[PDB]
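Breakdown of the fold
So you can see what is in the structure, the chains are spelled out below.
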Amino acid sequence: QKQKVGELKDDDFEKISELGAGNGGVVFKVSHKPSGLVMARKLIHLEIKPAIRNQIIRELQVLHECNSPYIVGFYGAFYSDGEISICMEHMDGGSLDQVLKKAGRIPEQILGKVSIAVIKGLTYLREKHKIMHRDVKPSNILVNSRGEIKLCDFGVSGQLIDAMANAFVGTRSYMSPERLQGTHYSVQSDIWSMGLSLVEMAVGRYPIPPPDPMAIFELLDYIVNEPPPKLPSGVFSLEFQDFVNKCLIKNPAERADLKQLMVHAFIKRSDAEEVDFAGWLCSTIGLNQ
Amino acid sequence: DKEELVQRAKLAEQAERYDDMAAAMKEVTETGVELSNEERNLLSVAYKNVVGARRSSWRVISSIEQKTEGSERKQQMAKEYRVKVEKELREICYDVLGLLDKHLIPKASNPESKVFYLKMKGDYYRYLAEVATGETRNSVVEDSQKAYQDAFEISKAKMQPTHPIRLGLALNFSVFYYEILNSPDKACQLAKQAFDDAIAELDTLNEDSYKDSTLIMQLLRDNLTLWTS
Amino acid sequence: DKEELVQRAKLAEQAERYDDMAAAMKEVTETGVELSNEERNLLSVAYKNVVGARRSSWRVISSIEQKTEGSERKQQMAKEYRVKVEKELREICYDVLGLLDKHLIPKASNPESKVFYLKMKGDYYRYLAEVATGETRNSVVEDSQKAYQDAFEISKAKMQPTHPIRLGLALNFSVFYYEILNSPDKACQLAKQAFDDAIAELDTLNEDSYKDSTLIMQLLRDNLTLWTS
Amino acid sequence: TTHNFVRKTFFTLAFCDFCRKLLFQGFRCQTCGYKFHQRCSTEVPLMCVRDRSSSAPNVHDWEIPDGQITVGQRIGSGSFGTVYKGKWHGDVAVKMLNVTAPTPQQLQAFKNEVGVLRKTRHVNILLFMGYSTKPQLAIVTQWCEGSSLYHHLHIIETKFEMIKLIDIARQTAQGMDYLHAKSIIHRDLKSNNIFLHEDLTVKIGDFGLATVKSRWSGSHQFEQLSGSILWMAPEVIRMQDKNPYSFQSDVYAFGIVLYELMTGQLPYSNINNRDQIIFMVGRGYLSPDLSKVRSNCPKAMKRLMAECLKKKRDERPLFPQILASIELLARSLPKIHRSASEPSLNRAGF
Ligand SMILES: Nc1ncnc2c1ncn2[C@@H]1O[C@H](COP(=O)(O)OP(=O)(O)OP(O)(O)=S)[C@@H](O)[C@H]1O
Ligand SMILES: Nc1ncnc2c1ncn2[C@@H]1O[C@H](COP(=O)(O)OP(=O)(O)O)[C@@H](O)[C@H]1O
Ligand SMILES: O=C(NOCCO)c1ccc2cncn2c1Nc1ccc(I)cc1F
Ligand SMILES: [Mg+2]
Ligand SMILES: [Zn+2]
Ligand SMILES: [Zn+2]
């Protein structure tokens, strides 16, 4: 389908519907009329010098070679009418942030399949491209009705990460405590973010504030100076509790790596379990099988 | 021509020289033509800076005179230097009042201008009041008293409670009451009253004078907080 | 008698009036009395400040002269006024140079004081070098070339390179090279040579000599960081 | 590294750099210009890197209805609303405030705020021509031609002579001093909200409007921090204070604008993360680096910038003192650009 897509132009697209509101960007379901396909078009409005913009579009062309069953497919990245357009594969299941609100909580056996997808997603990006995601969170893990679980909004363009760091302000954070203090430990920060994401959906609440709202500054200060969040005792299996604990060790070196997590008791069990994820997702959302 | 004289005085003001400026503005007033709003502030700045330099000289020389506390020719010489700079101080203030009461006060169409020149007159009589100690004190003290009372009547009549000039008069007349007459009770009453009325029309503050208005306001508050201690 | 006039000069210094101190020290050096450290230091302060104030005023007048040339004969009166400043700038500097020929140079029994007076001569030829243009400048600058060249030799042979008078000599001669002759590479080397030598011989100074030296070398670092870029 | 002092009788307007009252006679460091009193000399140390009471110093329904605002082209969105170039008795700037559903309690407070903003008239302030309630909320301000300061300093990166650079900083302090004189907190001062009208007059916009930022839930207005943080004071970042938006919070934001104009770069140009800046600034760990400035900036001028960026808000000066200090060296600017000379020696003692 990607070979049917030549050069992407603004007038070749037709608006269908908005996928959801964002902090910095907006995403629309669009029809590429020359190809006749439904893409997810993200538009980012950055007030940057053209030299930086041209470099951003240059470093996004790296996504053409990020092809795997745990990475959201990519069609093209171009600039028009003062907005950066990133055209990617449409995921009809939305983000796990949207699925979380619709589910209330996500079952442990479902989160087992998500963990495997995120780990293998982060492994692909770091082995084949050696790029740290630096944004792992439920809103950036996309799912479709086919049962695919794919990572998106990873840092392939270092110039794009610096650009939006100057522009916007977040209310919810999944940044590792060592990154907040200016210490870089490769993909150990992405593993922290995954563990925090896994606690959020399983509990059905936010990990940073535990009953057992806070401003962005109070959230970051808590992540750095307080013990990490943990799953409630009794209601989750000891393997799943141990998995997220190894993912949320504040010490980035003592924190489990991608190779260590792949062979964890929770992952080895979940990899063996037969879970109709596609059936559960469409059931949760209200779609048909 | 007048414009060559006011540009010369303005240029000399930019060079931080207050001898050619004062001479130029005396030469302007000697023509006996009525000034604008602009040409007046230059004259006040010139004859404020010239006395101000001698005032600072008088204060530090008088402090050294009260510092020495011996018995030698240093005290006699410092007294000779005090009476020298005091006589220089007297010559400047007499040149001002000679230039003021002969060309400007008797020919003053604008009542606002009358409050301005009577405020200056009371200021320079207070400048002569603080230095001359004896029988001649009681003449210039009563002269400044009449001048400020005359200015205070026209301020209370036909001025704004938020105008720079009425606030300046209230400020100079309050420090006159504190320093010269040493009745801080009526100075406290006066400054508090002037500060209260100054609050009423706080909304009525146009761009023409926000800096001056708030500057005399905070100076009034600083003088109050000094005197209520 | 002398101590009374030095007391008057100090009293004039504290009182900020400088023309009285200039006259009060000129009349003392007019006699030919043995001039000690403090006695020549007050003279150096007096004749620095008095020419310095008029020099800054000329700098402002010369800047305002060149603000807009697309204008009327308002510049005409300005550059004749600039000549008025020059009329009260050169002759007062000549009042200092004739003084060096009267008493200072012949009545010197210490090389250090000879370096000091030759530095002052070169510095006052350096101030006259700025306003004076044409063939006069050539005549003016040639007097300083021999003045700092007859002081550096003694500075090198009789005083340490950490000496504040030798530091001030290298500093003034460095700015002479930069501003007048416009050889900034020779100015940069000279300074670097002066500064490296100062660092090469340090921590040998007196207790009093821990403020003036540091200030000169600190200004030397300021010139060097300014002149690298 | 030692302050040499001189007896100096200030002839212009100057404020002591501990007590910050009107200074007449006292001391001045001949290195920086950190002028100060003789009275409060025994309370303040050196910082470079019964008395005569003062006298007179020297002298130098606003709702627009429907069918009137021709909403034109979409210009750009902000932190509380989007701008369109509208026509209304000439070109105006419309702003559809992000708050589209205001409660009769928030709506009342907005109408009260507009009351004060409509009573503002300064050469360095964008005119506030009311708002519109029929088509939701839409602040209507004077339309600016030319371009924003952010656009001229980080887009085209056209640096201007220090004379023109200082002038922009002077006119900003002039307009800002007027707002604080009328007791109006800007809450948003940044190069994005400063325009150069036909390339000369500075116009400050998007000031006040505290009630249309931080959507209410009934009768409250907890300022939920949002927008941009490069200009936010550390006290403003924390939001732990009942109110973080004071004059000093605005003075800090002003100090960041000084940094922008002075160096041509936005503060912290070595971090690829926003959350890192929010945390470290609010914690007092990150400060705008003062080692990227030009090699001709006088200590007196540069020091002003350092005073506005004080982590504790109570240390920062107020605009009457700032504007005096900015202006003070604008006059000694050309003379001090020339090379240094031999100074007068110690001539001081305490
Ligand atoms: N009064 C105005 N006149 C002309 N252009 C304007 C005006 N106000 C905003 N703009 C333009 O609109 C664009 C962005 O609009 P804004 O919403 O003001 O952005 P912003 O300043 O980041 O938002 P806030 O609310 O001040 S944080 C800028 O590029 C300006 O050129
Ligand atoms: N491919 C996609 N399919 C469906 N929804 C998407 C897709 N890409 C982005 N979105 C949605 O777009 C919204 C904006 O995302 P973004 O601006 O990156 O910030 P955030 O993920 O933090 O909300 C999110 O709510 C997300 O669910
Ligand atoms: O998406 C991002 N941030 O969230 C939007 C807030 O404005 C984002 C952030 C960093 C980044 C570096 N290189 C691309 N980056 C992004 N985009 C993006 C990445 C991968 C895919 I597949 C699709 C995308 F759109
Ligand atoms: Mg996202
Ligand atoms: Zn003080
Ligand atoms: Zn200093």
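Residues numbered from 1 in each chain as written, not as in the entry; some residues may be left out. Chains lettered and ligands numbered in written order. Heavy atoms only, no water. Residues with missing side-chain atoms left out of burial classes, pairs and counts.

- Looking at the entry header, you'll see cryo-EM listed as the method and 4.1 Å as the resolution.

**Structural notes on the sheet that holds strand β3 (residues 70–77) of chain D**
Residue and element names in this part refer to chain D.
- Pairing is antiparallel across the open sheet formed by four strands, whose spatial order is β3-β4-β5-β6. Of all the strands in the sheet, the pair left with one neighbour each is β3 and β6 (139–142). Going from strand to strand, the sheet's axes swing by 30 degrees on average, the running direction of each strand aside.
- Taken together, the four bridges between strand β5 (residues 91–97) and β6 define a ladder with antiparallel strand orientation. Looking at the pairing, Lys95 lines up with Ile139 of β6. (Pairing = 2+ DSSP bridges. Helix = DSSP H or I, 4+ residues; strand = E, 2+ residues; numbered from the N terminus. Axes fitted to C-alpha atoms, helices over the stretch in contact; angles between N-to-C directions.)

**Thoughts on the UniProt feature "binding site: Zn(2+) 1" in chain D**
All names here are of chain D.
- Under the present numbering, the feature "binding site: Zn(2+) 1" in UniProt falls on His3, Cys29, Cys32 and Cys48. Despite a sequence span of 46 residues, these residues sit close together in the fold, their greatest C-alpha distance being 8.7 Å.
- With respect to the element layout, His3 can be found in the segment before β1 (5–8).
- Contacts of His3, omitting those with residues within four sequence positions, involve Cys29, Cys32, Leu46, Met47 and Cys48.
- Looking at the secondary structure, you find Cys29 in strand β2 (residues 26–29).
- Looking at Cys29, the relative accessible area reads 1%, which means it is buried.
- Look past the residues within four positions of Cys29 in its chain and what remains in contact with it is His3, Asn4, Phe5 and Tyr34. (UniProt positions renumbered as here; feature names shortened; annotations may be inferred. Contact = heavy atoms within 4.5 Å. Buried < 20%, exposed > 50% of the residue type's maximum accessible area, 1.4 Å probe, protein only.)

**Some words on the side chain of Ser85(A)**
All names here are of chain A.
- Inspection of the secondary structure puts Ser85 in strand β5 (residues 83–89).
- With a relative accessible area of 0%, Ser85 lands in the buried category.
- Among the polar contacts made by the side chain of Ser85, one reaches the side chain of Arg41 at a distance of 3.1 Å.
- Beyond its immediate stretch of four places on either side in the chain, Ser85 contacts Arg41, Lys42, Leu43, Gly76, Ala77 and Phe78. (Polar contact = N/O pair within 3.5 Å; in protein donor to acceptor, adjacent residues only side chain to side chain.)

**A word on unusual backbone geometry**
All names here are of chain C.
- Non-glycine residue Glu16 carries a positive phi angle of around 75 degrees.
- Here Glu16 lies in the loop between α1 (2–14) and α2 (19–29).
- A relative accessible area of 30% means that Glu16 is categorised as partly exposed.

**As for the coordination of the magnesium ion (ligand 4)**
Residues and elements named next belong to chain A.
- Around the magnesium ion (ligand 4), the donor atoms from the protein are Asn140 (OD1) and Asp153 (OD), and they sit 2.4 to 2.5 Å away. One end of the pair, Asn140, is in the loop between α3 (108–128) and β6 (141–143); the other, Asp153, is in the loop between β7 (149–151) and α4 (158–167), with 13 residues separating them in the sequence.
- According to the relative accessible area criterion, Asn140 is buried, its value standing at 4%.
- Judged by its relative accessible area of 32%, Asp153 is partly exposed. (Donors = N, O, S within 2.8 Å, 3.2 Å for Na, K, Ca; no water.)

**Re the coordination of the zinc ion (ligand 5)**
All names here are of chain D.
- Protein coordination at the zinc ion (ligand 5) comes from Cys16 (SG), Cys19 (SG) and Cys40 (SG), with a distance range of 1.8 to 2.7 Å.
- Within one chain, the residues donating to the zinc ion (ligand 5) are spaced in sequence as C-x2-C-x20-C. Within this pair, whereas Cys16 is found in the loop between β1 and β2, its partner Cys40 is found in the loop between β2 and β3, the two being separated by 24 residues in sequence.
- The exposure class of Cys16 is buried, given its relative accessible area of 0%.

**A closer look at the UniProt feature "active site" in chain A**
Residues and elements named next belong to chain A.
- Sequence positions flagged by UniProt for "active site" are, in local numbering, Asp135.
- Within the fold, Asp135 resides in the loop between α3 and β6.
- Taking relative accessible area as the criterion, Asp135 reaches 29% and is therefore assigned partly exposed.
- If we skip the residues at most four places from it in the chain, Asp135 touches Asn140, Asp153 and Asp190.

**Concerning the domain arrangement of chain A**
Residues and elements named next belong to chain A.
- Taken domain by domain, chain A consists of domain 1 (2–89) and domain 2 (96–285).
- Centre-to-centre, using C-alpha coordinates, domain 1 lies 25 Å away from domain 2.
- For the pairing of domain 1 and domain 2, the buried interface totals around 2100 Å² over both sides, and the portion due to carbon and sulfur atoms is 66%.
- When the buried surface of domain 1 facing domain 2 is broken down by residue, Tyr70, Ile71 and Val72 rank first, second and third, together holding 27% of it.
- Linking domain 1 with domain 2 are two salt bridges.
- Note that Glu89 is salt-bridged to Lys150, the shortest N-O span being 2.7 Å.
- If you list the elements that add at least two residues to the side of domain 1 that touches domain 2, you get β3 (37–44), α1 (50–60) and β5.
- Take the side of domain 1 that touches domain 2: its biggest share by element is five residues, from α1.
- Its residues placed into classes, the side of domain 1 that touches domain 2 shows 15 nonpolar, six polar and four charged. (Domains from an automatic or database assignment. Buried area = accessible area lost by both parts, 1.4 Å probe. Salt bridge = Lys/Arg side-chain N within 4 Å of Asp/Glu carboxyl O. Nonpolar A, V, L, I, M, F, W, Y, C, P; charged D, E, K, R; others polar.)

**Observations concerning the sheet that holds β5(A)**
Residue and element names in this part refer to chain A.
- Pairing is antiparallel across the open sheet formed by five strands, whose spatial order is β1-β2-β3-β5-β4. Because the sheet does not close on itself, it has two edges, and the strands there are β1 (13–20) and β4 (74–80). Strand-to-strand twist in this sheet, taken as the mean axis angle between neighbours without regard to direction, amounts to 30 degrees.
- The sheet contact formed by β3 and β5 spans six bridges and is antiparallel. Bridge pairing links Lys42 to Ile86 in β5.

**Examining the interface of chain B and chain D**
- Listed as interface residues are 30 residues of chain B and, on the opposing side, 28 residues of chain D.
- Counting across the chain B and chain D interface gives zero salt bridges.
- Here chain B is connected to chain D by six residue pairs in polar contact.
- Within the residue set of the side of chain B that touches chain D, elements represented by two or more residues are α3 (38–68), α5 (111–129), α7 (164–179) and α9 (211–227) of chain B.

**Description of the domain arrangement of chain D**
Residue and element names in this part refer to chain D.
- For chain D, the assigned domains read domain 1 (1–49), domain 2 (70–142) and domain 3 (149–335).
- Placing the centre of domain 1 and that of domain 3 at their C-alpha centroids yields a distance of 26 Å.
- Contacts between domain 1 and domain 3 engage seven residues on the former and eleven residues on the latter.
- Regarding the contact of domain 1 and domain 3, the summed buried area is about 940 Å², with carbon and sulfur atoms giving 56% of it.
- Put simply, domain 1 and domain 3 have two salt bridges between them.
- A salt bridge links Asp17 to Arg303; its shortest N-O distance comes to 2.4 Å.
- Taken together, the connections running from domain 1 to domain 3 amount to two residue pairs in polar contact.

**Description of the packing of helix α5 (residues 247–263) of chain D against helix α8 (residues 319–330) of chain D**
All names here are of chain D.
- Look at α5 against α8: their axes get within 11 Å of each other, and the N-to-C directions meet at 25 degrees. As far as their axial angle goes, α8 and α5 are roughly parallel. Between α5, through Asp250, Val251 and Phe254, and α8, the contact on the second element is made entirely by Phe319, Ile322 and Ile326.
- Class assignment for the residues of the contact of α5 with α8 results in five nonpolar, no polar and one charged. (Parallel < 35°, antiparallel > 145°, perpendicular 65-115°, else oblique.)

**Brief notes about helix α8 (residues 184–200) of chain B**
Residues and elements named next belong to chain B.
- Taking 1.5 Å of rise per residue, 17 residues should cover 24 Å, and α8 covers 25 Å from first to last C-alpha, within 8% of that figure.
- Along α8, the residues that are buried comprise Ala187, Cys188, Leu190, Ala191, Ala194, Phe195 and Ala198. Seen along its axis, α8 keeps its buried residues to an arc of 165 degrees; they face one direction. Facing away from the buried side of α8 by more than 90 degrees, the exposed set consists of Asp185, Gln189, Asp196 and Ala200.
- On its buried face, α8 is in contact with α6 (137–158), α7 and α9. (Expected span 1.5 Å × (residues − 1). Arc of directions from axis to C-beta.)

**A look at the site of ligand 2**
Residue and element names in this part refer to chain A.
- Lining the immediate environment of ligand 2, one finds 18 residues, of which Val27, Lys42, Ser95, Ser139 and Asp153 sit closest.
- Here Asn140 contributes a side-chain N or O atom positioned 3.3 Å from an oxygen atom of ligand 2.
- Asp153 places a side-chain nitrogen or oxygen 3.0 Å from an oxygen atom of ligand 2.
- Surface burial for ligand 2 is 88%, taken as the share of its 550 Å² of free accessible area covered by protein chains.
- Of all the secondary-structure elements, those providing two or more residues to the shell around ligand 2 are β1, β3 and β5.
- Looking at the shell around ligand 2, its residues break down into seven nonpolar, seven polar and four charged. (Near = heavy atom within 4 Å. Areas by Shrake-Rupley, 256 points an atom, 1.4 Å probe, with all protein chains shown as cover.)

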